[PDB]
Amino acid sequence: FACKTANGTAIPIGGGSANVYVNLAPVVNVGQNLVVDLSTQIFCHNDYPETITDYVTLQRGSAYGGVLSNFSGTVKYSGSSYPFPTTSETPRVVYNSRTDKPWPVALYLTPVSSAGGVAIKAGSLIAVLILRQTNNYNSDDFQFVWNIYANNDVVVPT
């Protein structure tokens, strides 16, 4: 089991860490979500599906900088919404193919009343997401840690 970003940044067997750089809608108003769709950014596969099935959760996710300050968040895992920053581990997604498939995570961030002006700075950390991989074969239990960065400012009009 290993993962990679869309631009090819890999985390190998055993887990590790990588940075992910995302484009964000530049203007977001109150009552709208800023969507950060990581299912187009992070992909994983099973290296031995003949014999092993892998299980993958979002073990935890945290918000940083302008994201935590200026927005109310949820994370959708396989299309289902949970609190973000997280307070528990998600259900487990089955990875049973050597063909890469997305990690099905997306953040939905809606402005709170104190948002106004530059709500997310270009270059800033928006989230750290911990992908946990186990399997049905042995005790392997590995963490793939993704630091998510904004490619551009996001402004909330006032």
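The first residue of the sequence shown is number 1, and the count goes up from there.
Peer 1: Out of 24-32 and 57-65, which one has CA B-factors that are higher on average in the deposited record?
Peer 2: Comparing 24-32 with 57-65, the higher average CA B-factor belongs to 24-32.
Peer 1: If you take the mean CA temperature factor per stretch, which one wins between 140-148 and 8-16?
Peer 2: Stretch with the higher mean C-alpha B-factor: 8-16.
Peer 1: Of the options 113, 90, 133, 96, which has the highest CA B factor as deposited?
Peer 2: Going by the entry's C-alpha B-factors, 113 comes out highest.
Peer 1: C-alpha B factor of residue 40, ranked within the chain: lowest, middle or highest third?
Peer 2: CA B-factor rank for residue 40: highest third.
Peer 1: Comparing residue 70 with the other modelled residues of its chain, is its CA B-factor in the lowest, middle or highest third?
Peer 2: For residue 70, whose C-alpha B-factor we compare with every modelled residue in the chain, the answer is the middle third.
Peer 1: Is the Cα B-factor recorded for residue 117 in the lowest, middle or highest third of its chain?
Peer 2: It falls in the top third of the chain.
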